[PDB]
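Engineer: this one is an experimental structure. Sequence first:
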Amino acid sequence: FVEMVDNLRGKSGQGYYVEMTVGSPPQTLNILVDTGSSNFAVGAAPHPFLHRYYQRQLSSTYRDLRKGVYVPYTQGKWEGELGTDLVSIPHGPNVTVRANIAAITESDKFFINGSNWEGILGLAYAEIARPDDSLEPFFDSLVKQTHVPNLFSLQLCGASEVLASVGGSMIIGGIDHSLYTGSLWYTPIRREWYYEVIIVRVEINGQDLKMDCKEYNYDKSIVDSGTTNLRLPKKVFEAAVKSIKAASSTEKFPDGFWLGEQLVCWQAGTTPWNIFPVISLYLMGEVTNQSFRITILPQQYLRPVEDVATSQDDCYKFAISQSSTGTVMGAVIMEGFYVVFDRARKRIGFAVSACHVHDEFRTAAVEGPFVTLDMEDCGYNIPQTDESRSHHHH
Ligand SMILES: N#Cc1ccc(COC(=O)[C@H]2C[C@]3(CN2)C(=O)Nc2ccccc23)cc1
Ligand SMILES: [Zn+2]
C-alpha cells in the first residue's frame, strides 16, 4: 500500500482531498474525501473558487443519464447533471472504474476559497445517496467492478499568508500497519447509511460528563472526514465546554474563542498544553457490554492558525462546535487515529496514528476493553416522517 501512502493533501480546516482523473482523455481533479456522504460530484462549470472543473463534453467516455440531482447539506448546497464516466485514482488502486458522477452546475456555500478541491468523494452508503439509493456510490462500484476488498482506511495528519498544509493517506482496499501503533479496536456500524456509531460514555480529563448516553448519540453519531470539527449535540457541547473551560481556567479567553470564531495566541513555543484536558469518547464494542476509548489531546481539538498580524505567536482555533444533527467525529477526532472503514464486517476500527500531534507528556490513545453490566441502549431512533416512510425500496 506504499503507493497510496500520503496520497491526500489540503489546507488545515478546509478538507483533505485526493487526486482523481475523470474521463477520456483523463481530466485531473482534486476531490474532497468525505465519509459523511455518498455522492461523487465535481464542479462542472466556472466558479470564483474553482481553478478547474470537469468538462463532460471533452470526454469520449461520458454518458449522460439525463437526470438531475440536488443535494442540500445545511452548510452547503449544490446541484447538477447525473452521468457516468471512467474514473481512476492515480495514487490509489491500479484500476479504472465506470462510476456515477454528478456534474455540478450550480452551488452555494459548498466550495471553499483556498481549499484547492473541486469536488467531493462521498464514501458513505447508498442509503443517503441522492437523489435516491438507486444511485450507486463510487466505492460500491469500485468493489463491484474490480477485485478491491470492501474496505478503506484513512490516516489524516494534522498540522503566514496561507493556512497550513496537511497530509493524509487513504488506503483503498486494506490496512497499512505502518500507519499506526498498538492495537486496532473496532466499533460496530449501527446502520449502513452514514458510518454511524454508538458512544457510550464521554470523559473530560478522566471526569465522566454523567449524561444519559443517548444524549451522546442524539440524533446520531457519525464518523465524517469531510467535517472539520468534533461536533457535539447542544447539551453535550455545553457540558464539555464547561468542563474544558474549568480545567483551562488560569486563562480567560473571549466568548468568540469557545464559539470557534476567534484565535487565541501565546508567545511562540510557550503554549500551556497541559492546562487543557484530554477528551475520551467511549465507543460501543464488538462484544456486548464492552467498549473502548479513543482519547484525543488539545493538540487535536486546538487548531493552529498563523496570525499574519502576530506571526511571532502560536495561535489556535477551538475546533469543537455545537451540532443539531448529532455527534460528528470530524477531522479533529480522525487526526488522532488511523481509522479503518471495514464495510465488509460492518465496523470501524481506531488505532493510534503514527502521525498524530502530541507531546512528551501525553498522546492520543485507543484503549479497551471497558465493561458495563446491563449496559443500556445509547442509540436514538430518528422519528420517521411520512415522506421517508412513503418511499419504496425495490
Ligand atoms: N441529501 C442529502 C444529504 C447528504 C449528506 C448530508 C450530510 O453531508 C455531510 O455531512 C457531508 C457534506 C459536508 C460535510 N460532510 C456538509 O455537511 N457540508 C459540506 C460542505 C462542503 C464539503 C462537505 C460538506 C446531508 C444531506
Ligand atoms: Zn413499490
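Structural biologist: Received, thanks. Numbers count the residues shown, from 1 in each chain. Ligands and ions are numbered 1, 2, ... in the order given.
Engineer: C-alpha only now, for contacts and for neighbours.
Structural biologist: Will do.
Engineer: quick one, what contacts the residue lying closest to residue 128 once chain neighbours are set aside?
Structural biologist: Nearest non-adjacent residue to residue 128, counting by CA to CA, 6 or more residues apart in numbering: residue 193, 5.7 Å away. By CA atoms under 8 Å, 6 or more residues apart in numbering, residue 193 lies in contact with 124, 125, 126, 127, 128.
Engineer: tell me which element the first one is part of?
Structural biologist: Element membership for residue 124 (DSSP states H and E) is empty, with no helix or strand holding it.
Engineer: phi and psi next, for it.
Structural biologist: phi -80, psi -170 (degrees, to the nearest 10).
Engineer: give me phi/psi at the nearest residue to it once chain neighbours are set aside?
Structural biologist: The shortest distance from residue 124 to any non-neighbouring residue, by CA to CA, 6+ apart, is to residue 38 (4.6 Å). Main-chain dihedrals, residue 38, degrees, to the nearest 10: phi -140, psi 0.
Engineer: neighbours of residue 38, how many?
Structural biologist: 27 (other CA atoms under 10 Å).
Engineer: what residues are up against residue 159?
Structural biologist: Here residue 159 is in contact with 12, 165, 166, 304, 357 (CA under 8 Å, 6+ apart).
Engineer: relative to residue 115, how far out is the closest residue to the first one other than its chain neighbours?
Structural biologist: By that I understand residue 12. Leaving aside its sequence neighbours, residue 12 sits nearest to residue 164 (CA to CA, 6+ apart; 5.4 Å). From residue 164 over to residue 115 the distance is 11 Å, taken as CA to CA, to the nearest Å.
Engineer: so which of those two has more stuff around it?
Structural biologist: residue 115 (22 against 15).
Engineer: ok, now which ones touch the residue of the chain most remote from its centre?
Structural biologist: Relative to the centre of the chain, the most outlying C-alpha is that of residue 60, 33.6 Å out, by CA atoms, centre = their mean. By CA under 8 Å, 6+ apart, residue 60 lies in contact with 23, 24, 25.
Engineer: what's the spacing between the last one and residue 343?
Structural biologist: According to CA to CA, residue 25 and residue 343 sit 32 Å apart.
Engineer: more crowded one of these two?
Structural biologist: Ranked by neighbour count (other CA under 10 Å), residue 25 and residue 343 place residue 343 first, with 17 against 12.
Engineer: surely the more buried one meets residue 151?
Structural biologist: Yes - counting by CA atoms under 8 Å, residue 343 touches residue 151, with 5.4 Å between them.
Engineer: helix, strand, or coil at residue 351?
Structural biologist: Judged by DSSP: H, G, I helix; E, B strand; the rest coil, the three-state class of residue 351 is strand.
Engineer: and stretch 208-225, how far from the chain's centre?
Structural biologist: A distance of 16 Å separates the centroid of the chain from that of stretch 208-225, by CA atoms, centre = their mean, to the nearest Å.
Engineer: measure it end to end?
Structural biologist: Per CA to CA, stretch 208-225 runs 26 Å from first to last residue.
Engineer: return the set of buried residues in it.
Structural biologist: By neighbour count with 16 or more other CA atoms under 10 Å, stretch 208-225 contains the buried residues 213-225.
Engineer: in strands only, show me the residues you listed.
Structural biologist: 221, 222, 223 (DSSP state E).
Engineer: who's in contact with the residue in the stretch 251-394 of the chain that ligand 1 sits nearest to?
Structural biologist: Residue nearest to ligand 1 within the stretch 251-394 of the chain (CA to the nearest ligand atom): residue 328, separated by 8.3 Å. Contacts for residue 328 (CA under 8 Å, 6+ apart) come out as 221, 222, 223, 224, 227, 229, 230, 231, 232.
Engineer: so what are the sheet partners of the helix or strand hosting it and their directions?
Structural biologist: Here residue 328, judged by DSSP H and E, is contained in strand 327-329. Strand 327-329 has the following strand partners under DSSP bridges: strand 221-223 (parallel), strand 230-233 (antiparallel).
Engineer: could you export these as a markdown table, including distance to ligand 1?
Structural biologist: Compiled in a markdown table, the strands paired with strand 327-329 are given as follows (distance: least, CA to the nearest ligand atom, whole Å):
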| stretch | distance to ligand 1 |
| --- | --- |
| strand 221-223 | 9 |
| strand 230-233 | 11 |
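Engineer: among those, which is nearest residue 283?
Structural biologist: strand 221-223 (10.3 Å; CA to CA).
Engineer: for the closest one, give me every contacting residue.
Structural biologist: Outside strand 221-223, the residues that reach it (CA under 8 Å, 6+ apart) are 35-36, 194-199, 326-330.
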